[PDB]
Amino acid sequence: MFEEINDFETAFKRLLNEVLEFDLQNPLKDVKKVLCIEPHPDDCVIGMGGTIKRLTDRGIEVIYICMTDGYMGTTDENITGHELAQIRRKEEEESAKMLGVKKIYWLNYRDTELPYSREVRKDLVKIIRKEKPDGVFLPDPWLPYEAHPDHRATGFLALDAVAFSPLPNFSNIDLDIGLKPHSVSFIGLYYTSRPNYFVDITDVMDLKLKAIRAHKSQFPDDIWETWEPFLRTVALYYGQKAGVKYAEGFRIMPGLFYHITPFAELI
């Protein structure tokens, strides 16, 4: 009957609800395993640490992929990048335990030098095909005024990896050695300015801040004077829109809307 619809608003509701079976009310329905893709050690916990704790509490398996080693993130002239990499691995392991996270994949690209290349797509696809996750969380590459190249590259690479994982001609040696081409059901953008889904983290906010603080190298007492207020202000910003004190915002869309969809921004 779709041929004889003459109003956009009607066709849109019909496309989302009946054709795509898209659900914003409970979009995590049948997800048991999710990947969180972080550009740097700490990005997962700062972006969506509260939501990760809430997920592992409900018995959802949450696995980290860390794109970089975090080699550059110190102003101390006494800490070489190799020293800092070891330090931030221990820190992210510690931070991961406090939320329910057991498994981390390290790609080991150098901080500030994450290529936007076919090579990094293949590395991510290899992990998606092995772990066969139901959902993937990744930073929104369209975050206005995001100046960090690793953040822009990670978001775009992660969306490519999700879209190309189910194509048997993409990185075909993966299938030849016995991995299978996998479709992810769910995509969530964190660190986003246009969220359409909210998780209340008011009850776990104190644990989130403790798990951020586990990154001692990144949050000495002097830096923390600025960041505790910043992180609370972010949590309030998502909070206003969710009708709670403290929240984490996600943008969830159907796979289809990430390609040639001029009304994609209308959810």
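Numbers follow the displayed sequence, beginning with 1.
Higher average CA B factor: 10-18, of the stretches 10-18 and 241-249. Just going by the entry, 58-66 versus 35-43 on mean CA temperature factor gives the higher value to 58-66. Remark: of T202, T51, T233, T226, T202 shows the highest value [criterion: C-alpha B-factor in the PDB entry].
Across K126, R118, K180, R89, the greatest Cα temperature factor reported in the deposited entry is at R89.
For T192, the recorded CA temperature factor ranks within the lowest third of the chain's modelled residues.
In the PDB entry, a CA B factor belonging to the middle third of its chain's modelled residues is recorded for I104. When all modelled residues of the chain are sorted by CA temperature factor, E146 is found within the lowest third. The entry lists a Cα temperature factor for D176 that places it in the middle third of the chain's modelled residues.
Placement of the Cα temperature factor of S185 within the chain: highest third of the modelled residues, per the deposited record.
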